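J.: with the input below, show me the fold.
(4 chains, ligands or ions: 9)
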Amino acid sequence: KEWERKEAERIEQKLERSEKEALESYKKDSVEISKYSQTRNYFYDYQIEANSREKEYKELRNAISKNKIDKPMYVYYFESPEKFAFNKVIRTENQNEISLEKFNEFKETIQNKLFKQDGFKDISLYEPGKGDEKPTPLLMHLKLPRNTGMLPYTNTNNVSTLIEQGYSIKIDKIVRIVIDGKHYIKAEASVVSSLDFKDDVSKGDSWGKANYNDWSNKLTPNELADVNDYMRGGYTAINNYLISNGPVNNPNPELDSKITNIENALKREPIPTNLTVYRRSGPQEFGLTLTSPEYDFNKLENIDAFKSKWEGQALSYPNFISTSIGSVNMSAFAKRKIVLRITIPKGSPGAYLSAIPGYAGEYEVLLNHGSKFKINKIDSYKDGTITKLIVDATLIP
Amino acid sequence: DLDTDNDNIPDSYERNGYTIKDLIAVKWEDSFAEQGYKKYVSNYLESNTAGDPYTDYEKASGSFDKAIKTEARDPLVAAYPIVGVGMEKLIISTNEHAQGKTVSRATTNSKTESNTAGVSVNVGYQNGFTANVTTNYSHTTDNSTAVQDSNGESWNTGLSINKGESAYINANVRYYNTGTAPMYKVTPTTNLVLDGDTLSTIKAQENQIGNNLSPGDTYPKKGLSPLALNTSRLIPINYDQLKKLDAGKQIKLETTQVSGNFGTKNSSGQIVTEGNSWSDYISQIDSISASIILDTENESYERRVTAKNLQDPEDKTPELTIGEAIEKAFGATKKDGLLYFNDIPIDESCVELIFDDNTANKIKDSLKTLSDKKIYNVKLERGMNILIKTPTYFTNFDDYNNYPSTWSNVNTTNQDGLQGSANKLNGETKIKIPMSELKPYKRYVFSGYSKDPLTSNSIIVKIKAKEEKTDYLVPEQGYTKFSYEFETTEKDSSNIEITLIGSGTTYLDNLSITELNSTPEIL
Amino acid sequence: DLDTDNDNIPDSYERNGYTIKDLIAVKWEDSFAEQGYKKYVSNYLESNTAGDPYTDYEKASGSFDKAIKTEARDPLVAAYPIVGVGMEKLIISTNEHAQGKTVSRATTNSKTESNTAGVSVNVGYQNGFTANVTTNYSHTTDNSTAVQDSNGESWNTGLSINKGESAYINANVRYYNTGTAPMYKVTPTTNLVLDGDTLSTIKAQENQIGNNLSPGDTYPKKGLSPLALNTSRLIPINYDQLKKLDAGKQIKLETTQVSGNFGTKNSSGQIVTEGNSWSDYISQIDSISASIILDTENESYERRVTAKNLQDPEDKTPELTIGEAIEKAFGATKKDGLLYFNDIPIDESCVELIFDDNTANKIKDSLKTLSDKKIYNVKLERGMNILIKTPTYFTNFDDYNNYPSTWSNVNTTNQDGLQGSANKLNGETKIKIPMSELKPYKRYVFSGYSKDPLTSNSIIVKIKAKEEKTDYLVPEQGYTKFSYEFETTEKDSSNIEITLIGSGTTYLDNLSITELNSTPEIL
Amino acid sequence: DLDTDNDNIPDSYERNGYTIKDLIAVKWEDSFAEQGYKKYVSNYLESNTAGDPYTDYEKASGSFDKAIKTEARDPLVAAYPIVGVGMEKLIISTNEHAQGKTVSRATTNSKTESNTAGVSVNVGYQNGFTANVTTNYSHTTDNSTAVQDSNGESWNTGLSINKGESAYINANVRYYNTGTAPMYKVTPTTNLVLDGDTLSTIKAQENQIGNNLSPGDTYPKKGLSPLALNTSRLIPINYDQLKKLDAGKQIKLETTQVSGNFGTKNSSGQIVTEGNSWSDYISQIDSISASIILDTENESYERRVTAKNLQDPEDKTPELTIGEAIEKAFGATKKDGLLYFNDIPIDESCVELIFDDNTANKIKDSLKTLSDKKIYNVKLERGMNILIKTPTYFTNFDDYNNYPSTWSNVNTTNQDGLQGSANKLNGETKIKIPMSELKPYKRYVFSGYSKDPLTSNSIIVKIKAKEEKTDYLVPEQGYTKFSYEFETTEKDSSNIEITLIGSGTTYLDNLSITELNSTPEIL
Ligand SMILES: [Ca+2]
Ligand SMILES: [Ca+2]
Ligand SMILES: [Ca+2]
Ligand SMILES: [Ca+2]
Ligand SMILES: [Ca+2]
Ligand SMILES: [Ca+2]
Ligand SMILES: [Ca+2]
Ligand SMILES: [Ca+2]
Ligand SMILES: [Ca+2]
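T.: Residues are numbered from 1 along each chain as shown, chains lettered A, B, ... in the order given. Ligands and ions are numbered 1, 2, ... in the order given. Shown next is the structure:
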């Protein structure tokens, strides 16, 4: 723990008054500020501006964005299995042996998949041993890449590492080791970073306009004309055509040419990056109704049914998908309890539709019809007393 | 399932069964006894079940300082080390620099002799007490001197000290450890004591030895040069103690204060021996454990074992007998009613037992309630001292027969022995052990066991030596234990012979000759 | 799928197969042994298979210090450094500041003299024991010096010492490291002794020996001037030991307490030797390893070999034979029953073996159980001492021969030998070995192997030297080893004559001349 | 694309292409070879390609200290420190504090003196080995002393020493660096040895020299006042070595131990030299790297280049020839089949190579499978030494002729030479060289190349000097190297004539006069 303390008092002498005040604020309120940094971006922008913990969040986040490192590191931590989409226990605190079948099922749940890390978190740099806090058998051993936030900071006679994780991790492999007589899972993982904007949306708008100022020039008149029909009112008709299985039941060649033009226009300029985007979804996209008992997430068994029904499955959207780069709550979808957090790899068809002037849309990305989303994580938060879900999904070929 | 201490082992697995395999506790069910494994008991009311700085689990897993001997794997014993200091050659010089009248003599060191120096034997041993009572107790720390290479010559002759001023002394010293623990940062303070008067205290500091003293190893390893006291510098003497070396007295040595460190493995790498002290555990082990010394003629062993006080039902601690405590503290193989080492037989009719006055009184109090008439089925309590003196010669008319001189009239066609057979007699029995293997200026005690299936069959014995002695013994139906003592003289003496004459019906068993101490030399 | 220790090796691989390539550990399948890839073994109970402060895979991968000898990359071979001191020439001067009388004598230093001095020789060797014993065992830490530039003259003539006042002794010393480990913070304490009398001790501290002493080189780098004892400054001497040195005895030097640190990698960048020490591992590694010494006439090595403890099935540690252990600890090319170094061939019928008494007892116990009756196919045990002496001359009527003269009446055209060819005899065999090729005043053993399928075809041999002799050896059906010893004088003497005659049927092989010790010359 | 070490360079770009440009690595296509980037090849298993305290990225990108010579930009050459002491003047003074008698003598220093002193020069060269075998190999650590103003005069006949008390010796020293490493905490030690006898040890401490010693310069900045042995006080001598200094022997001053540090770039600003030193990277370098020395007659250089051991297929280290190793060690411009320094050509025919027994034997053994029979086409191995000496005078019958005199009968109009043109021999070819521009009391060697397109043509070469000689030469169709030595004498002698007479058909080329060592003077 020598290097963590050394860099802790190296950073601490260049931390100013409000930064250090936010540092003791995280020292006394680590869990609450951590969960707030996890779930703050889904509230209203004015809820953010009036939030008491938002000042601490932005001070700590700026400190994380200014204390960087030039080389990748390996760090060890213990985190709940519920945080990494494993909704069961492998071995308990009194249990010390892990059988082959539970190792196999944990392997097949963690295989070939990505898991998000968001918010503030305190992490030790070295492998915990005899007397260190080992609450779970899941020892995550992560390779943080270059230019990633890294804060050694001393609390009383101990030292920890505050970071603002905003990245997904790909667990390359796991092993079963014996520490203090107990079977622990040591997980070698790789950080996969994503272009996520959360609440800062003006600069995301600038990026989309810079990447898509010439997009309307690249489209054919059929494709550009059908897109212009689409955002100005034809989205309702085209989505009603596609959702009701139009080309199969009662095929409309005009609407078939319309959706072909929309797909071609989305295919003209692929997105040059992997993105994290927020779509405000309703119950009908999940085969449910507003009056259905499962929509009321204020009770926990509805969330359990949501986990049992939708986690590990593929969500099919036969219509074009409208997504918003801003996670901020809006008056249009305040009542909706589903905010789908979608990850999109490189080269996918689509467009940032707000680059075209004259549209009153708010930072919208269009996605091709018939898409398949892989459900990965479902967190929860409290918009007031209304319990809402955070469905972190992705785009899969 | 239920846990009390800072240990992983359950309460049921801390009692009447203890098996620790692949760092996992399991109950002993007695099907893996012959596969080299052993069962323990450790306390379920304290993490440190013994006085050592090691809990039961780390001391039973093998997870401790590996320089500690394997005899401390059981949780019963504590890692208690002892520094003893001995001397070999004394040189007397009359200068403060080095020229002068210098005389050099070789002298043998006796570790465990003063504990059994004031012991008296009896012709018949009453009741079931087959031991001897001592008047004082001494550990392996003290070390006595016996001068051997000394022809007829006064010590003042070699120095020519006339009226007022005698010479200076200088010695060759060596350091030994008799204990199952290593110390590194040695701070040995010793005192060169003269029959109640102290000449000098020697501090060997840190540079003369170093930060390494392995358990059971002399500071010069096997055969090298002794460490001279020429590397707090010189020790004087007057013309009052110079003449007291001559007649009866032997100069002794006693270490007083010793401190050190014990190696503790860290979380990742190497053992830390800097931030430590062997001073917070001296009263931790000394006040709770017992003391057992075993004196082999080649080496000495000292052990401390945790026991039970009988007048306290609150303290839930393991209960130990005598023989089980010896087997646990030393490591022994269990033959049919027999406890064996790799070559050393230990039994109530095979070794000499020395007890202090209070412990002998306790045992005589406890020997009444036993219905088996044995000395090893005695419960162990806090605050005893045990001396087990292995005889230098012992026969039992069995597989063990190590006598360099053959007997006479040997009849082994019998079966009414204490173990194996009993020696049938027809007439005399002659033994003639030569001076080539008797150490001069010593005292030897021959003890034996007899049976006699006749009303008034009696025997005579003659110990023909420099001080010969005749004796008349009346054996009984059961096993009677008898002990006789004799001395010897220098190399120019004749062989020592033992003649025993019975009448053809008495039976002899377990005949052992042992050495006790040194006699003063006329000089 | 399963691993145990603080290491990356799987538990299933770690027994009976071990290969490291491109920093991955793969099993051994006996297919790439000729591409420089070799198998090892590792203990799956601890992260440190050896007693080193390094793990087994990391020390078997090369990701550590390169100054260590590369045959120590085997995880079963641990790093063990030894500091030795060697005197080169002696100067005696009568002034403490430096006029007066100053004499100088030229000496040569040898490493294995006291161990060999306790070894006796015999004409024939009974049963499978084809070695001898040493009286006391010592390593190459102590050394013995022999003066070549000393004709007949006493030291008193050039010093003029009458009654008590003597001169001052100065010596030229060098420091060498014969082991597979370095040390940096060298603080050696060395006693200068003569038959027990410790003359003085010297600390070289830091300013004279340097902040490094790499393995494979002494303190002067190849040929430079040796260190003089003028920079703790001088040591005194008296007129009671000079004639002792003059008659038979010699000055020996040995170090006692040596300080030093070991190198290791840091987290990211450089390497640090500040928080390390070669002082807390000695008691760990000597109590867990055996000891092997090899003494070629040019250079010597000594390594510590961990073995398998026999009387514990729980301790799952691999077992070793003798020759496999020697090959892995030193590095020797393995031809068909052949272990060859870069130049020195080592076998059982090519070198000399020195044991102590305990090794002889244990090897006579374990050697009877072998059905092949060979010395090397015996399972190795903990803490056991072996020494190998390379003969200065060895011939076998085969590819190897390093003799000063050419053997007479040689008939190599044979196949009935232990190693291919053997010398068929039809007549006398002669050699005339000169004093131009031999050091003065030494003790030598010529050994050989005689074989004849005939009854009593007796052989006589005459060794004409300064101690000339004749001997007779009868042949046997077995392959019988004979060893003879002799002495010489200063190099102005004639050729040594070796004459031997049988009866033209007997066969001889493996004729080796080796040195043992220095005879005490008369002066 | 795949990266292993902790550097920006991927492993695919760590072999066969390595472009450091604007602090990024990109791939060669052989287009910007004249735009200023030399060949870098680095280990893709080792981040530290060499034993230097740097990764391969930092040393190949300029992100290190400015005082390091830029020749260590290539990752195969390690920045290895060499510190040498130069001798300028000697004074003999009979006092100890500083009236008295004092003489002063001027002394030249020779760096590569003892390395080439054991070079035995034969008249005919075997196979393609155009190099000789030195007996001993020595680097530029030691320095040799030569007296120039050695008029006929005993050193004692003016100093007036009668029996026992000899005078004292003072001198001035300079501290240079021949290598690519700056020393900051310069604390060395050196021995002043006359013909084996050590006189004294000298340490310059820290404040007397300063906090920096750059590569390639001395503490006296070029021509300034030398630092004497006054500001560890004065060096005595006895009445046994003055005749040795006078008659045949010379004072050697050898640097024994070098202690120093370096300054590395921190994250913020300039170098930091507190927590790092030159203490452990020496053995890392010399155990993996060879040693290549250049001695141009103005100044010398030494470099350590990492090499390959053949018995290691996992060792993916770069492999080079001799000439490629020389070019990367020193830096040379490559034209068509030839390499050049700023003014010094480099070839196996222009500058001469010296190897010890191991390197010469390895080059002889490795030349058997080659078909070109050239020196520089030998693969670089570890543990081998190259000493390249540059001739003090060389002509090639071409654009280069540094001979101060003009030859006789030079016929440049020819084309069948190794390089350019050659002299068509017609009759006598003569040159004279004055004694003024040749160093007195030294040994010179003249070497050259001959061809004869006939059967048995012959040349005679007469060297008229103070040992004038005539040598016979029988050339053949193949190219013959001829090399003859002679000794120089004082300035007041005649000139030296080099004459050669042939039949008028042979061809001569590449004539080189070199100084090798200094001859002792009778005094
Ligand atoms: Ca318990
Ligand atoms: Ca317990
Ligand atoms: Ca019996
Ligand atoms: Ca393992
Ligand atoms: Ca291991
Ligand atoms: Ca042979
Ligand atoms: Ca790479
Ligand atoms: Ca690299
Ligand atoms: Ca030519």
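J.: contact partners for residue 231?
T.: Picking chain A for this. A:353, A:359, A:361, A:364 (Cβ atoms under 8 Å, 6 or more residues apart in numbering or on different chains). Quick note: C-beta positions are derived from backbone N, CA and C, even for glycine.
J.: my question was about chain B
T.: Residue B:231 neighbours (Cβ under 8 Å, 6+ apart): B:208, C:191, C:198, C:200-201.
J.: can you check residue A:397 too?
T.: Neighbours of residue A:397 in contact, by Cβ under 8 Å, 6+ apart: none.
J.: check which helix or strand it maps to.
T.: Here residue A:397 sits in a region with no helix or strand, counting by DSSP states H and E.
J.: leaving out sequence neighbours, find the closest residue to residue A:115.
T.: residue A:84 (5.1 Å; Cβ to Cβ, 6 or more residues apart in numbering or on different chains).
J.: oh sorry, the question was meant for residue A:168
T.: Nearest to residue A:168 is residue A:114, by Cβ to Cβ, 6+ apart, at 4.3 Å.
J.: pretty sure the one you found is touching residue A:394, no?
T.: Yes: Residue A:114 is within contact range of residue A:394, at 6.8 Å (criterion: Cβ atoms under 8 Å).
J.: tell me which of these two has more neighbours.
T.: Taking neighbours as other Cβ atoms under 10 Å in any protein chain shown, residue A:114 and residue A:394 compare with residue A:394 leading, 22 against 19.
J.: ok, residue 78 - contacts?
T.: Looking at chain A here, since you left the chain open. A:128, A:133-136, A:138-140.
J.: that's the wrong chain, I wanted chain B
T.: B:50-52, B:72, B:284-285, B:289, B:304, B:306.
J.: next one: it from residue B:72, what distance?
T.: 8 Å (Cβ to Cβ, to the nearest Å).
J.: hey, what's in contact with both of the two?
T.: With Cβ under 8 Å, 6+ apart as the test, residue B:78 and residue B:72 both reach residue B:52.
J.: who does the longest helix seen in chain A touch, helix- and strand-wise?
T.: The longest helix of chain A (DSSP state H) is helix A:253-268. Applying 3 or more Cβ pairs under 8 Å, 6 or more residues apart in numbering or on different chains; DSSP states H and E, one finds that helix A:253-268 contacts helix A:221-229, helix A:235-243, helix A:246-249, strand A:351-352, strand A:364-367.
J.: if you set the cut-off to 10 Å instead, what comes out?
T.: helix A:215-218, helix A:221-229, helix A:235-243, helix A:246-249, strand A:351-352, strand A:364-367 (3 or more Cβ pairs under 10 Å, 6 or more residues apart in numbering or on different chains; DSSP states H and E).
J.: and stretch B:46-57 with ligand 1, contact?
T.: No: applying Cβ under 5 Å from the ion, one finds stretch B:46-57 separated from ligand 1 by no less than 7.5 Å.
J.: do that stretch and chain C meet at all?
T.: No: for stretch B:46-57, no contact with chain C is found by Cβ under 10 Å from any Cβ of the partner chain; the gap never falls below 16.4 Å.
J.: go on, stretch A:85-102?
T.: Yes: interface with chain C: stretch A:85-102 contributes residue A:100 (Cβ under 10 Å from any Cβ).
J.: without its sequence neighbours, what residue ends up closest to the residue in the stretch 251-400 of chain B positioned nearest to ligand 3?
T.: Ligand 3 sits closest to residue B:396 of the stretch 251-400 of chain B, with a gap of 3.6 Å, by Cβ to the ion. Using Cβ to Cβ, 6+ apart and skipping the chain neighbours, the partner closest in space to residue B:396 is residue B:510 (5.1 Å).
J.: host element of that neighbour?
T.: strand B:507-518.
J.: please apply the same query to residue A:39.
T.: Applying DSSP H and E, one finds residue A:39 within helix A:30-39.
J.: most tightly packed of the helices and strands packed on helix A:253-268?
T.: Neighbour counts (mean count of other Cβ atoms under 10 Å in any protein chain shown) averaged over each of the helices and strands packed on helix A:253-268 peak at strand A:351-352, with a mean of 25.
J.: and it, how far from the chain's centre?
T.: 20 Å (Cα atoms, centre = their mean, to the nearest Å).
J.: what pairs with that strand, parallel or antiparallel?
T.: Using DSSP bridges, the strands paired with strand A:351-352 in its sheet are strand A:364-367 (antiparallel).
J.: helices or strands up against the following helix or strand past the partner strand?
T.: Of the helices and strands lying after strand A:364-367 in sequence (DSSP H and E), the nearest is strand A:371-383. Other helices and strands packing on strand A:371-383, by 3+ Cβ pairs under 10 Å, 6+ apart, are helix A:30-39, strand A:114-123, helix A:300-310, strand A:314-317, strand A:338-344, strand A:386-395.
J.: and the helices in the stretch 51-200 of chain A?
T.: A:53-66, A:100-110 (DSSP state H, counting those that start in this stretch).
J.: since we're on the residue nearest to residue A:115, how many residues are nearby?
T.: 22.
J.: quick one: residues contacting it.
T.: A:106, A:109-110, A:113, A:115-117, A:138, A:140, A:169, A:171, A:187, A:189, A:377 (Cβ atoms under 10 Å, 6 or more residues apart in numbering or on different chains).
J.: so what's residue 261 closest to, chain neighbours aside?
T.: Assuming you mean chain A. That would be residue A:226: by Cβ to Cβ, 6+ apart, it lies 3.8 Å from residue A:261.
J.: not quite, go with chain B.
T.: residue B:276 (3.7 Å).
J.: can you tell me how far the one you found is from ligand 8?
T.: Counting by Cβ to the ion, to the nearest Å, the gap from residue B:276 to ligand 8 is 43 Å.
J.: circling back: show me what the helix or strand just after the helix holding residue A:39 is in contact with.
T.: Downstream of helix A:30-39, the first helix or strand assigned by DSSP H and E is helix A:45-49. Here helix A:45-49 makes contact (Cβ under 10 Å, 6+ apart) with A:40-42, A:54, A:57-58, A:198-199, A:201, A:326, A:328-330, A:383-384.
J.: please repeat the previous calculation with a cut-off of 7 Å.
T.: Contacting residues not belonging to helix A:45-49 are listed as A:40, A:54, A:199, A:328 [Cβ atoms under 7 Å, 6 or more residues apart in numbering or on different chains].
J.: centre of the chain to it, how far?
T.: That offset, for helix A:45-49, works out to 20 Å (Cα atoms, centre = their mean).
J.: same check on stretch A:378-389?
T.: On Cα atoms, centre = their mean, the centre of stretch A:378-389 falls 15 Å from the chain's centre.
J.: and the end-to-end length of that stretch?
T.: 6 Å (Cα to Cα, to the nearest Å).
J.: out of the helices and strands packed on strand A:371-383, nearest to residue B:322?
T.: strand A:114-123 (57.9 Å; Cβ to Cβ).
J.: not counting the closest one itself, show me its contacts.
T.: A:26, A:30, A:33-34, A:37-38, A:60, A:75, A:77, A:84-85, A:160-170, A:192, A:376-377, A:392, A:394.
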